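Topology and contacts: notes
Each chain, written out:
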Amino acid sequence: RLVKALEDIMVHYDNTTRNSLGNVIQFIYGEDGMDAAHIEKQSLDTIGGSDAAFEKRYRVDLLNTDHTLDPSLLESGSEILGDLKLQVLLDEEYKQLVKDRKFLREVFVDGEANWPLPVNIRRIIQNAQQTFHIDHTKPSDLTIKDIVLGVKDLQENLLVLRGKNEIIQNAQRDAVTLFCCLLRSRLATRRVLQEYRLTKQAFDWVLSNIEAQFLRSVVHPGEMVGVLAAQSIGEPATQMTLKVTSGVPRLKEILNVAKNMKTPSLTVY
Amino acid sequence: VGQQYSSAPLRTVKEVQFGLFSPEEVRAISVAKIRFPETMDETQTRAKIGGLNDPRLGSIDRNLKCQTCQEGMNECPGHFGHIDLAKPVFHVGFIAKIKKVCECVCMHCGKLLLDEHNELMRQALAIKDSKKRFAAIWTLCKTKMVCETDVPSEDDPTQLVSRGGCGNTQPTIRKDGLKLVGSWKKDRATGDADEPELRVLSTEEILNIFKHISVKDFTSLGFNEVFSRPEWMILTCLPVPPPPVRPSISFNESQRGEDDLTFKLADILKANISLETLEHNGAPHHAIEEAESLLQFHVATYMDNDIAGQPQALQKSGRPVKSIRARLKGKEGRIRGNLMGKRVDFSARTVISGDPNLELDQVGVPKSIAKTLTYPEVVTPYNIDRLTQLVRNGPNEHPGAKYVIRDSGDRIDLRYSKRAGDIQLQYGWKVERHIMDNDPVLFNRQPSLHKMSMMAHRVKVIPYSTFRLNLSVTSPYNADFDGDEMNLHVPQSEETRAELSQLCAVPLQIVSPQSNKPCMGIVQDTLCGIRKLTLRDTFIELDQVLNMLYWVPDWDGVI
Amino acid sequence: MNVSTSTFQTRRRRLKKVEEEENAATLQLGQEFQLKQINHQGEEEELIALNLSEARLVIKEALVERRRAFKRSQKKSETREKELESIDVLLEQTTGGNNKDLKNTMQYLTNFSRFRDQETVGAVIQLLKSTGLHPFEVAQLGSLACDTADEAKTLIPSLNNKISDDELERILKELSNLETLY
Amino acid sequence: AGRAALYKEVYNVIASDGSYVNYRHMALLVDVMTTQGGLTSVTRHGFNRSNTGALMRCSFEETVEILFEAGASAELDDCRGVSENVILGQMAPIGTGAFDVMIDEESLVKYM
Amino acid sequence: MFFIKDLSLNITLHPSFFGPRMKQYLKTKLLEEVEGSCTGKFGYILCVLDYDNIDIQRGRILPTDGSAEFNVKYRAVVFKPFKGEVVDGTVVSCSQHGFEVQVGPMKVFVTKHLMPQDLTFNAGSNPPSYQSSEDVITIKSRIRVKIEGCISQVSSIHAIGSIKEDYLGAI
Amino acid sequence: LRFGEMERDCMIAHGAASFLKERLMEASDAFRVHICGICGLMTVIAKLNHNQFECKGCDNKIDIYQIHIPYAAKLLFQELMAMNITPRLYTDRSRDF
Amino acid sequence: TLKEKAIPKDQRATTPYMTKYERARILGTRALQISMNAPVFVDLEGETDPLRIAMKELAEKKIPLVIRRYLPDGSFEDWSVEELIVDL
Amino acid sequence: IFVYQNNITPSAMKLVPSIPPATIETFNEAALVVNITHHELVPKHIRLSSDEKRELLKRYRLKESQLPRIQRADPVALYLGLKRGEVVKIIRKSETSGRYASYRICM
RNA sequence: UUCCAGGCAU
DNA sequence: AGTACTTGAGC
DNA sequence: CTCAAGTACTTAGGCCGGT
Ligand SMILES: [Mg+2]
Ligand SMILES: [Zn+2]
Ligand SMILES: [Zn+2]
Ligand SMILES: [Zn+2]
């Protein structure tokens, strides 16, 4: 039934999920236009952790002897202290990350931070490491401008919907968001130079990779998602070796628009 | 396929228009007058009586003749004939709606029973939908039972206006057998009529009252002026399917066959002649009707035999007699079992036994099948040399082939053609050859509920009669070896295979999207062993380590 | 396959092939020749009538310009009876050969052509086409030598009321003057 | 809020066995049921009733009965359906067949 | 009479010829399958105008086999006779039943009983003829006929005409 | 062996359209009929020899098409005709959308 | 009723890259043709298999094919083998 | 708008479409005791001008049909006073992409 | 072929 | 069998 | 005009004797 009830659903060249009637059934496949295959449980750090921790990590104050970056990490280090024009960027960064904190905590009431997301970043840096022998001793060579500004751009290219106008463009931001969050969680200034002494080179690399590695993780217009998603569910259906109506029978209870479900509960808080 | 060239411009179906035959179309189209009911046999004389089956329609017995259209059997699809009914009969399947239309229109005139004049009607006359509309329309006037000519117009309900005529009450109808019936009234204890007033609704009656139904009323309801005029839901002339639909399984010579269908028609026919000869002659009148509904039966059961008024028209012996509807019914039906799924050529099935020596994507194939399953390959200067060797190499020594086809639509059977050893391949010729080592193929283990229940493997022709597949590709097919068999199909076009190798190969299917996590991996023996081998407590000396190193294909050759 | 040869106008042939008009020089020509035919450019465009000779010019023109593009990539004046032989060769070069028709359509068009000269022809048309007359008439009135408005509006009955007997007369006479000699 | 519970629930049917299904899948289905307007059921009664071509719906339970109502209501079929082409023996508008391939003489010459 | 309609044609080409001199063969094919054709629908196809600017467009590679179907948009000179259309051509054959006059790529026939009465029919005539008071018709003798009825066949649209009207007959 | 429903599905999922068809036509039914450019029926009297294409009744003989579809569908259609249901086949759409 | 053909290469909407189906389909189609004895716009380096040649024609982006992409409503965008990238 | 306590006359209500343009909404009391929209599950919606709407089509080559529908009686439907044809914008959080955009046309 | 029946895939 | 729309029915 | 029968439709997927 499941199959015969989705056959004709696929992703059409614009990234709309329709059928023989072209009746939209999802504007952006999977509410993100990503081909399931290119996904791994990455951790959205920016969400859980004492409000304290957040600071010790992402905070950078070029106007302080205790919160500025130790010039051992950055080459242009000490020569930046006080520079208020930089503490503006450095702030917007920290301000944007904070917006995230309350964003994620707003979509994920749980707090749960491990989720399915395209482009594995731990490893995209993990390689960045040994590929450049990056020594955790010598000082980096990035500019507070390089890091910050370059990340803003990595984003300007993680295209999902190409669209030449407003409406389309807007749906593009939405179709991402969650990713960049993760992105900004891992490409935070402090994190970038302290946690893993990145060089400029190494950096520009990690960036360009996330670039395409992302673009690959998109969804191929042609995919027969209907027949797919169907099996994907009705597959672990037979593999179900089974006080509340549960599992196999209950699943039927569902698909049938159960006019009178055996168990009916009603959990009130 | 269906061979022989035709200057017939060629295309693909884009639209499909469903309609209903017009008793005349059935005639225009028809080539068969179809009078006699008997199969044929020029009265014992084997041939076919210009009566039923082939009084021009397609034919039997490998014989060109078939309205000269010839082409003999294969090619000349069916040629529909007709057979003018006796009296209009209900179309077994439409009946329900024929009732539902009457319940919607008044007889005598054949006009609606709810003009926009009754607002609630408009609401419905706007439900753009030739079905949900006809749904609102019905429920609406299946109440009003008096075809009014005077109703309180859009104006003051004190200023009534007229429309159509005849207010002749309309009898609430109800189903029964293959005929409808309704009961009128006219007062009760007032003056005459009183209680109900039951009358039968003759086909003729209804049909005529339908024909009169307005052209924009056809439209108003759920119909269409060009393909489905309610006045057709009733059969006047009968379209006669030709041989191919109801083949005659002729057992050798001078022996029977004639399809279950062919019988049901021969019946319908007899039951027709019976009727007409009761009219054009000694007509004990309402003694005829008794032999009419008999035709209403056949021509109804011919299309459907599994109804409410049971009587399964038992084809003597008790058999029920497969009505056409049954031929299409779910699974096994022309649809579910013949079009949404077929049996195919170039397919193989045997018992699978795992092997720890084939690459994930390979599939061990028995030399038996490697000589059975072919593949049309084009003679190209590229292979020409090889291809010729295969051919002259014979269709029995493994690497070889069995069929060579020259452009001139004639196949040389390599295993007999007193020129098999000869043959000068011709570029652009085809040479069906043996499945060779490394031919992409579709291998699968039903029940196929996965995308990865079918995958492409590299043919690796091996000995012994088993499909020997790699191990890690064990859990995706849901395959074990306690007597489990698997099916495997062989691509046929340079592009078909392309589709396999570029999307269906196991190397690709490695990471399932159904769970954004790989769906294969190391199992059993290797899993059980991979651990033991690991453990700090496990060491290995040079002699062995060297053999191990070697066993790994890539090994940089540097200890 | 060999999709015969379609036109440039699509008519929704919905089952009812019933109607198919009757042909008659009553200016009633099959749809394929309506006053309003759709130029392949999608643009509408008045029918296209060619009158003997004026047609012979068309053919011969592209039929020769064809000989050019038949040699462009091979590296990579009237006389009635003399022309009949001149075109005969032009044919045995850029034509089809078994195109028995075209050869005959030229011989017929060359013997019976009226004005064997491009200018003289355009001249005719500047005169004719400025009548409001259906190109069909504009054609006939050109390729058919007439004298009285009788011989004219008799053989070209589509006229009759369209242009007065004297007007058509004036014009008819214009053609005999312009009527290229031989 | 309805789709919500439908997904929420169905999820607890596949997650009950511990298993894992990537949202998108389940979500699609939950959607296909909801979009239409209310709670379209995955059964002969519900889903297989939409304006899909008749040839399609025909291949799932109502079969004959459906085709009848096709000639009756004189429907028209797009042949946009997976099934359609399958029955018609034509390449279907699916992945490989989601576009047309063509020879552009232009390039076909600048290549030589 | 004669016209110039804008037609199209679907020629399926073999991948074989998917070379450089493609347009070359395409056009050449078009010409084989058109110049000299004939259908009662457009009549006699006689010559494709503008061999040069023939439109081919991107043809599409078919399914199963590689062949690609091209839709060629051309234009050409054609001639479709009409009931009533008056035309004069050269006489061809002539028998006891009448003389077949040829007008263009076409042949119009005139019946004994479709011309004037006084117009006899000479039997002992070499070549065969038809006489009258002051008229002699035969082989060459140019004529002028009124196309009475058209009968389309194979790739040849025949017809019947009369000269028993006014201003008709010899010229 | 049968390439039934379950199996169709897998290929549809894969998006291997060319192949699906191949196993449905060239590897099974596959057959060639003729249509009336008008009444979308198989009426047509193809004498694929003298070319005569008539089809009459609807009286065409000039606008006709050749089409490849599974003999199962040829049957399926004729079978629907025998029940007085017309499965019209049109080489082109007009509907659009 | 839109004879208004499709989109102009300008205002090109779709994806800049090739879909796995597209390459899959092209490689096949082109192969099929090379095996049909079609012309080969590369330098066969002994490559005797077609899907091999196509595999190569595809790498020197010397396949003379056009991917006519279709949009849910009938309109379309034309993409040339050359154009489309290949991160497939 | 209107807030009936325990009902209205079946004869009364049949006069809400009596004074068009301006239209009338009937609402129950106990049915407003709580605001549904405030519910954990129900995501926010938004009306669309003929422009906001026609733009949604022009930018998605969409037909009214193909557009995902929302009942005319749909709880939220009345909340924001919906009307047969009006379009809504549903915007909710997504475990795959922070926020998802979606449109519902009225029944 | 057809119609029933039975059996196997842990 | 189970189970879901639809028909019929005393109010 | 609103309530309990009335009334009808599939049930997984392949492969392998009697008459
Ligand atoms: Mg087993
Ligand atoms: Zn025949
Ligand atoms: Zn009446
Ligand atoms: Zn016909």
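Describing the overall build of chain A
Each helix and strand in chain A was counted, giving eleven helices and four strands. In terms of overall dimensions, chain A has C-alpha extents of about 70 × 45 × 35 Å along its principal axes. Taken over 269 residues, chain A has a buried fraction of 57%. Distance between charge centres in chain A, computed from 33 positive and 36 negative side chains, equals 6 Å.

Quick notes on the interface of chain A and chain B
Between chain A and chain B, the contact holds 14 residues from the first and nine residues from the second. Buried area between chain A and chain B, both sides added, is near 980 Å², and the carbon and sulfur share of it is 54%. On the surface where chain A and chain B come into contact, there are zero salt bridges. Considering each element in turn, the side of chain A that touches chain B owes the most residues, seven residues, to helix α10 (residues 225–238) of chain A. Of the residues assigned to the side of chain A that touches chain B, the class counts are six nonpolar, five polar and three charged.

Focus on the sheet that holds strand β7 (residues 198–201) of chain B
All names here are of chain B. Pairing is antiparallel across the open sheet formed by three strands, whose spatial order is β5-β6-β7. Single-partner strands in this sheet number two, and they are β5 (172–176) and β7. On average, each strand axis in the sheet is tilted by 30 degrees relative to the strand beside it, whichever way the strands run.

Considerations on unusual backbone geometry
Residues and elements named next belong to chain B. Here the bond from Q446 into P447 is cis, since omega is 0 degrees, no more than 30 degrees from zero. On the secondary structure map, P447 appears in the loop between β14 (440–444) and β15 (454–462). With a phi close to 80 degrees, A193 is a non-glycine residue in the positive phi region.

Side note on the protein's contact with DNA strand K
Taken together, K331(B), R336(B), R343(B), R349(B), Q446(B), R44(D), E61(D), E65(D), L1(F), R2(F) and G4(F) are the residues near DNA strand K. Considering DNA strand K, the proportion of its atoms within 4 Å of the protein that are sugar or phosphate atoms stands at 97%. In the model, a phosphate oxygen of DNA strand K is placed 2.8 Å from a nitrogen or oxygen of the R336(B) side chain. Interatomic distance of 2.4 Å between a backbone N/O atom of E61(D) and a phosphate oxygen of DNA strand K. Here the residues of the surface near DNA strand K sort into one nonpolar, two polar and eight charged.

What about the sheet that holds strand β11 (residues 401–406) of chain B?
Residue and element names in this part refer to chain B. In spatial order, the strands read β12-β11-β13; together these three strands make up an open sheet with antiparallel pairing. The open sheet terminates on both sides in strands that have one partner only, identified here as β12 (410–413) and β13 (430–433). On average, each strand axis in the sheet is tilted by 20 degrees relative to the strand beside it, whichever way the strands run. Bridge count for β11 against β12 is four bridges, and the pairing is antiparallel. Pairing of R406 across the sheet is with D410, part of β12. Packed onto the sheet, helix α11 (residues 384–392) meets β11 and β13 and runs at close to 60 degrees relative to β13.

Digging into the pairing of strand β5 (residues 68–79) of chain E
Residues and elements named next belong to chain E. With nine of twelve residues buried, β5 lies mostly within the body of the structure. Where strand β1 (residues 3–13) meets β5, eleven bridges bridge the pair, whose relative direction is antiparallel. Counterpart to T12 in the pairing with β5 is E69. As defined by bridge partners, strand β3 (residues 43–48) adjoins β5 across four bridges and the pair is classed as antiparallel. Within β5, the residue paired with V48 across the bridge is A76. Note that strand β4 (residues 59–61) and β5 share two bridges and pair antiparallel. Bridged to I61 within β5 is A68. Linking β4 to β5, which pair antiparallel, is a turn of six residues.

Rules used throughout
- Residues numbered from 1 in each chain as written, not as in the entry; some residues may be left out.
- Chains lettered and ligands numbered in written order.
- Part of a larger assembly, values for the part shown.
- Heavy atoms only, no water.
- Helix = DSSP H or I, 4+ residues; strand = E, 2+ residues; numbered from the N terminus.
- Buried < 20%, exposed > 50% of the residue type's maximum accessible area, 1.4 Å probe, protein only.
- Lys, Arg positive; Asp, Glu negative; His and termini not counted.
- Charge placed at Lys NZ, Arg CZ, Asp CG, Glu CD.
- Contact = heavy atoms within 4.5 Å.
- Buried area = accessible area lost by both parts, 1.4 Å probe.
- Salt bridge = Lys/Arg side-chain N within 4 Å of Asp/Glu carboxyl O.
- Nonpolar A, V, L, I, M, F, W, Y, C, P; charged D, E, K, R; others polar.
- Pairing = 2+ DSSP bridges.
- Axes fitted to C-alpha atoms, helices over the stretch in contact; angles between N-to-C directions.
- Near = heavy atom within 4 Å.
- Polar contact = N/O pair within 3.5 Å; in protein donor to acceptor, adjacent residues only side chain to side chain.

That's the geometry; what it means functionally is another story.
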